[PDB]
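# Survey of secondary and tertiary structure
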Amino acid sequence: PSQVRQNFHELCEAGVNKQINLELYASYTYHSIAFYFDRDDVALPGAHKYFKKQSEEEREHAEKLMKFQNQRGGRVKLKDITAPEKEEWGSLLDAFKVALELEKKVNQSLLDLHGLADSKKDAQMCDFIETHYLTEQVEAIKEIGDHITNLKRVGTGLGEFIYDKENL
Amino acid sequence: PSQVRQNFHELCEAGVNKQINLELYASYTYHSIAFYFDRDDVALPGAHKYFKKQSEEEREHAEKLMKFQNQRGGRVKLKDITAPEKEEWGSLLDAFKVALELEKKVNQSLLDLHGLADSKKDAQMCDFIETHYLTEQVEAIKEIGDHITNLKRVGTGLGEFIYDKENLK
Amino acid sequence: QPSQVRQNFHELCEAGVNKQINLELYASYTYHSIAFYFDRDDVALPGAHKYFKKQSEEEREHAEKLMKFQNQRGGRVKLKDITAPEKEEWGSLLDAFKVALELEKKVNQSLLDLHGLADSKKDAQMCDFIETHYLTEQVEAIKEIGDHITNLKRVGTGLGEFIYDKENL
Amino acid sequence: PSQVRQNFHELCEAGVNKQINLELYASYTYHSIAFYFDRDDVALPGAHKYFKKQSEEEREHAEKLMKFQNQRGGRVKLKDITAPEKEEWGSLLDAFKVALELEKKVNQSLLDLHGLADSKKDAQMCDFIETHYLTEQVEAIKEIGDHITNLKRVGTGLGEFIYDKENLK
Amino acid sequence: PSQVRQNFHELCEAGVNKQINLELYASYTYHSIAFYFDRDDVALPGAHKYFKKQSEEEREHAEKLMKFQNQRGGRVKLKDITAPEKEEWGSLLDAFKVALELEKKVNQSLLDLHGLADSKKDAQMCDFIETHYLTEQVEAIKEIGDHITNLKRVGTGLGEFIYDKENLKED
Amino acid sequence: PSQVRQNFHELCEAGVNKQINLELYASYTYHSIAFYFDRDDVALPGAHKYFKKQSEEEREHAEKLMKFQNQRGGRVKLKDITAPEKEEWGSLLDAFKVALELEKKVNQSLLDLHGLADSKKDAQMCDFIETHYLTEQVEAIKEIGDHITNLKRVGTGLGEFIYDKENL
Ligand SMILES: [Mg+2]
Ligand SMILES: [Mg+2]
Ligand SMILES: [Mg+2]
Ligand SMILES: [Mg+2]
Ligand SMILES: [Mg+2]
Ligand SMILES: [Mg+2]
Ligand SMILES: [Mg+2]
Ligand SMILES: [Mg+2]
Ligand SMILES: [Mg+2]
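Per the deposited record, X-ray crystallography is how this structure was determined, to a resolution of 2.7560 Å.

Structural data, given as structure tokens:
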């Protein structure tokens, strides 16, 4: 056992390792969407920059968790990062619709992980997930909700280009 | 009778407390409108910022009447603030139409208050109403009128998003 | 149909938020009242006037923050009338700060009741939100008041109330 | 009971008073280590500066708890601060081995104190420990484990001198 | 067929997508090495900073080929990103040995991809790999070569600490 | 042993260690008086700040004697830091009355140590405590003297509050 390890269940160590995969998976999906909007047949430069930053924030959510593993004295176990479920993401609206599902999936995965923290009475692991993840997820989902509502209000023609140029 | 009271009738004093309530009611209604546009299924952040400023300005309107009351020797009496008329405020144009009837409602209240002050030969209350409320209210009604005219020019859909970003931010 | 953002947010919790925003605004309304009582010519404590105005506004932002929370999680903001304050005449500075200790303890307990509901329905984020923005700010507000109450007891009734107002408010 | 006391069990107060002593014992222990490295036969100036700072950072932890005791309306009870368990601390590696055993004892005291807090539905007190202590202890234990790993790597003689100059100042 | 596409063979398009995967594999491997050094039993914060950096440069190598794939009107195609060969990377010298082998592997695929571009008379694709990839990889291999020679010269204990603080925690 | 040791008596080492405990004792006592003024039913924030400043200055008095012990080549020996004599320190005037007596006890202790150093012809040790301790103690006792006088002058109620703002 690590010299720093105290109050850190091997089941919670496994839990964290499953999260860093989900986040890296999320990161990799935003990256696909990012470079899909750089396509000459799509040409939406604001979505390219927005989803590239969304991808970089998840490599960070993963790093922070990788950081948390070493802090608590766990051992980081990587698995393959699965390819995104799509190659063509359709409209700007379709892309945010995929974003909302991805974020809900990740939120739940953290809510279950937090569940597993409370269960084995890991007050610090809980704080860590409350403080860096749970409110940042709620913020992220509202933002995506707002984007969906505004992409529906704008049409699919002129409004898409304007929303791309102004709100991303 | 307050040591400061001079040429300040008790129906006028009653009249100021009725106005104070109308300002808090308007504030509350604009508070409602401001947070309806923060909803994920509405999401007009311009309208959010705008109606929040309008609510803070009606509280300042109430506060100046609260202050005025104390200046004249009167005594501030607070009633309940009635909840806004609706939960769901509809489109941007629907929200600004409510705002117009509201401001005409409080404008009419102020003009009646002026009339009362004037029948009781209270010059300084007339000046106070003239100076801080009546021109404020005409400007505020002309502003709302323009927003309505513009919200009808721009359509629903894209029109609502452009006007939100360009004219409320 | 639920809001497209709504996840892990029980309707008891939603209904909970809506109840706390009213209490927040009830408390804002009461502090406003204490505010302008100190602005009266026959009370004339301009420190206390400033202190309570600032207090009224902070609670409007506490409700304003809970309206943001409501919309973030997919809940729907529902306003009731804001009850009028319990008193017109708030007495001495010490009396006013005693009403503030009663009021902040009701509001703290209302939040601690709301957290427990949060915890009941395994709503981790709502618990963090009430812990982060409300529970520590309440404990700081109540201690400040106790200190004020103590210090208002230590100084006299007369000269002492003037100095405390000038100096600590 | 203090005029500010609300949802603060007298076992949570007793618990808070046990932790101020543990922080002061750790503070005192780091103070001995500090001045052991200032001895002409140890002469390690980085460790001296480091462990003085570690001692100063406790006492602040003791103070933040004495501070919270008063916030909640509890009553600070000061027991003897027990002498360090040694005069002679040995190597720089030997000192960080003691720090690791000390910080875990401290951590386990804080986790125990949190569970007692959770047991008596003291949401704010849990939030206090979570915010100010639980994360701090973890960062602190990781830092001490890194130090231990690093002083085994360079190992005795020049490696001790360099680790003192480069990684402690 | 893409409105911009001109003088871009479907096997070349196929080759670019194979490099983006190798570059994302390298980024992931350097990502794993990075956090190994942040373990409390490895505690080498210089190597952690340094491999953290080398990993982000590989996601940038991938992004430039993604960016290029789009410019030529080819379509980006994402395979799974294979988990790294190990969790126990060993010594600072061991990690730099795994890096000289990972970097000679990427360079050879890059040299084959250029060969293919030349084969298909794609001057621009060739120039593009010459400009952003070929001398960067040579520069990257020379730098790792020097690290290995230096990790060899310094000790296993104290030498590993100094070299971390001096040549990697700075850089 | 000690390669730096010269003209330093084993009773002088012992006296220094005895003085370090007295200074840490005073620090603890000022500490208690600190947070006693931080109570919601006492609430004198001036006194709180003043006594926190005095607790730190004594730990400093302790640290400088620890520093002196090592300079002369003696060995620091720590004992338990005795807990304060009271929990409830009463009035602002009560707390300064306690300060004076603590300061005089600590001063007489220094004057005994100086005497002991003089008896052993430790010229540097006498100057050390003359330079950093004996005059500082006289300045501290007289400051407390002024405080006691002024607290009697201001009296019990308002004057407590006014002296706490204006003069601490
Ligand atoms: Mg994420
Ligand atoms: Mg108005
Ligand atoms: Mg005029
Ligand atoms: Mg509040
Ligand atoms: Mg501590
Ligand atoms: Mg918590
Ligand atoms: Mg590369
Ligand atoms: Mg002293
Ligand atoms: Mg002399």
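Now, onward.
This part takes up the overall build of chain E. Looking only at helices and strands, one finds five helices and zero strands in chain E. Going from N to C terminus, chain E has its helices and strands arranged as α-α-α-α-α. Projected onto the principal axes, the alpha-carbon positions of chain E cover approximately 60 × 25 × 25 Å. Intrachain contacts of chain E at a sequence separation of at least 6 include 81% that bridge at least 24 residues.

On the side of chain A, 34 residues touch chain E, which itself brings 35 residues to the contact. At the level of secondary structure, the elements contributing two or more residues to the side of chain E that touches chain A comprise α1 (10-37) and α2 (45-72) of chain E. Tallied by class, the residues present in the side of chain E that touches chain A amount to 10 nonpolar, 11 polar and 14 charged.

This part takes up the UniProt feature "binding site: Fe cation" (unreviewed entry) in chain B. All names here are of chain B. UniProt records the feature "binding site: Fe cation" (unreviewed entry) for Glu23, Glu58, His61, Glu103 and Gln137 in the present numbering. A maximum C-alpha distance of 12.5 Å places the annotated residues, which cover 115 residues in sequence, within one compact spot. Position of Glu23 among the secondary structure elements: in helix α1 (residues 10-36). In this structure, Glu23 is in contact with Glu58, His61, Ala62, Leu65, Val106, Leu110 and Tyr133, ignoring residues within four places of it in sequence.

Considering the side-chain rings of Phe38(C) and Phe52(C), the 5.8 Å spacing of their centres and the 15° angle between planes classify their relative orientation as stacked. Highlighted residues: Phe38(C) in the loop between α1 (11-37) and α2 (46-73) and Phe52(C) in helix α2, separated in sequence by 14 residues. Ring centres of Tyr50(D) and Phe51(D) lie 5.2 Å apart, and the angle between their planes is 85°; on these two criteria the pair is classed as edge-to-face. Among the aromatic residues, ring-to-ring pairing joins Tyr30(A), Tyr36(A), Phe37(A), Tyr50(A), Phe51(A) and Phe96(A) into one connected group.

Let's shift gears to the UniProt feature "binding site: Mg(2+) 2" (unreviewed entry) in chain E. Those places that UniProt annotates as "binding site: Mg(2+) 2" (unreviewed entry) correspond, in this numbering, to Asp127(E). With respect to the helices, strands and loops of the structure, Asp127(E) is situated in helix α4 (residues 123-153).

Turning to the interface of chain C and chain D, a few remarks are in order. Taken together, the contacts link 16 residues of chain C with 13 residues of chain D. Per-element tally for the side of chain C that touches chain D: the top contributor is helix α4 (residues 124-154) of chain C, with 10 residues. Here the side of chain C that touches chain D is built from residues that sort into six nonpolar, six polar and four charged.

Once that is clear, we can look at the arrangement of the chains. One finds no contact between chain B and chain D; the C-alpha atoms of the two approach each other to within 29 Å at their closest. Where chain B comes nearest to chain E, the C-alpha atoms are still 30 Å apart, and the two do not contact one another.

Our focus in this paragraph is unusual backbone geometry. Negative phi is the rule for most residues except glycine; trans is the rule for most peptide bonds. The backbone of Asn7(A) shows a phi angle near 75°, a positive value even though the residue is not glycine. Examined against the element boundaries, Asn7(A) turns out to sit in the segment before α1 (10-36). With a phi angle near 70°, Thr156(D) is a residue other than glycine that sits in the positive phi range.

Residues and elements named next belong to chain B. Listed under "binding site: Mg(2+) 1" (unreviewed entry) in the UniProt record, and renumbered for this structure, are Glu23, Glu58, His61 and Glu103. Sequence-wise these annotated residues cover 81 residues; spatially they are packed, their C-alpha atoms never more than 12.5 Å apart. Considering the arrangement of structural elements, one finds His61 in helix α2 (residues 45-72). Excluding residues that lie within four positions of it along the chain, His61 makes contacts with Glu23, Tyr133 and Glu136. Mapping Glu103 onto the fold places it in helix α3 (residues 92-119). Dropping the residues within four chain positions of it, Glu103 is found in contact with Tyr30, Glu58, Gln137, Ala140, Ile141 and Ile144.

Take helix α4 (residues 123-154) of chain F next. Taking 1.5 Å as the rise per residue, α4(F) with 32 residues should run 46 Å; its terminal C-alpha atoms sit 46 Å apart, in good agreement. Residue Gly155(F) follows α4(F) closely and has a positive phi angle near 80°.

On to the packing of helix α2 (residues 45-72) of chain A against helix α3 (residues 92-119) of chain A, then. All names here are of chain A. Running from N to C, α2 and α3 point in directions that differ by 15°, and their axes come no closer than 12 Å. For the element pair α2 / α3, the angle class is roughly parallel. Remark: the crossing between α2 and α3 carries left-handed chirality. Here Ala47, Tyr50, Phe51 and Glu58 of α2 come into contact with α3, specifically with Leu92, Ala95, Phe96 and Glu103. Tallied by class, residues from the contact of α2 with α3 come to six nonpolar, no polar and two charged.

Residues and elements named next belong to chain B. For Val16, the location among the structural elements is in helix α1. Sequence spacing of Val16 and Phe68 is 52 residues, and the spatial spacing of their C-alpha atoms is 8.4 Å. Beyond its immediate sequence surroundings of up to four residues, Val16 is in contact with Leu65, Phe68, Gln69 and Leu113.

A packed helix pair is summarised by two numbers, namely the angle formed by the two axes and the spacing between the axes. Residues and elements named next belong to chain E. At their nearest, the axes of α2 and helix α3 (residues 92-119) sit 12 Å apart, and the two run at 15° to each other. Classified by the interaxial angle, the pair formed by α2 and α3 is roughly parallel. Crossing angle aside, the handedness with which α2 passes α3 is left-handed. Facing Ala47, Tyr50, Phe51 and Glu58 of α2, the residues of α3 in contact are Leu92, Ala95, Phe96 and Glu103. For the contact of α2 with α3, a count of residues per class yields six nonpolar, no polar and two charged.

All names here are of chain F. Locating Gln69 in the fold gives a position in helix α2 (residues 45-72). When the C-alpha atoms of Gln69 and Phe128 are compared, they prove to be 11 Å apart, with 59 residues separating the residues in sequence. Beyond its immediate stretch of four places on either side in the chain, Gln69 contacts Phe8, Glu13, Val16, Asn17, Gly74, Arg75 and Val76.

Its salt-bridge partner being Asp122(A), residue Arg72(A) comes within 2.9 Å of it at the nearest N-O pair. With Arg72(A) in helix α2 and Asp122(A) in the loop between α3 and α4 (123-153), this pair connects stretches of sequence that are 50 residues apart. A salt bridge links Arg59(D) to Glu63(D), with the nearest nitrogen and oxygen atoms 3.2 Å apart. Of this pair, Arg59(D) and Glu63(D) are both found in helix α2 (residues 45-72), four residues apart, which corresponds to roughly one turn of the helix. When salt bridges with common partners are traced through the structure, they connect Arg39(A), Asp40(A), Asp41(A), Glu88(A) and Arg75(E) into a single cluster.

Parameters at a glance
- Residues numbered from 1 in each chain as written, not as in the entry; some residues may be left out.
- Chains lettered and ligands numbered in written order.
- Part of a larger assembly, values for the part shown.
- Heavy atoms only, no water.
- Residues with missing side-chain atoms left out of burial classes, pairs and counts.
- Helix = DSSP H or I, 4+ residues; strand = E, 2+ residues; numbered from the N terminus.
- Contact = heavy atoms within 4.5 Å.
- Nonpolar A, V, L, I, M, F, W, Y, C, P; charged D, E, K, R; others polar.
- UniProt positions renumbered as here; feature names shortened; annotations may be inferred.
- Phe/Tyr/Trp six-rings, centres within 6.5 Å; stacked < 30°, edge-to-face > 60°.
- Expected span 1.5 Å × (residues − 1).
- Axes fitted to C-alpha atoms, helices over the stretch in contact; angles between N-to-C directions.
- Parallel < 35°, antiparallel > 145°, perpendicular 65-115°, else oblique.
- Left-handed = near helix turned anticlockwise from the far one by under 90°.
- Salt bridge = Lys/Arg side-chain N within 4 Å of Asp/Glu carboxyl O.

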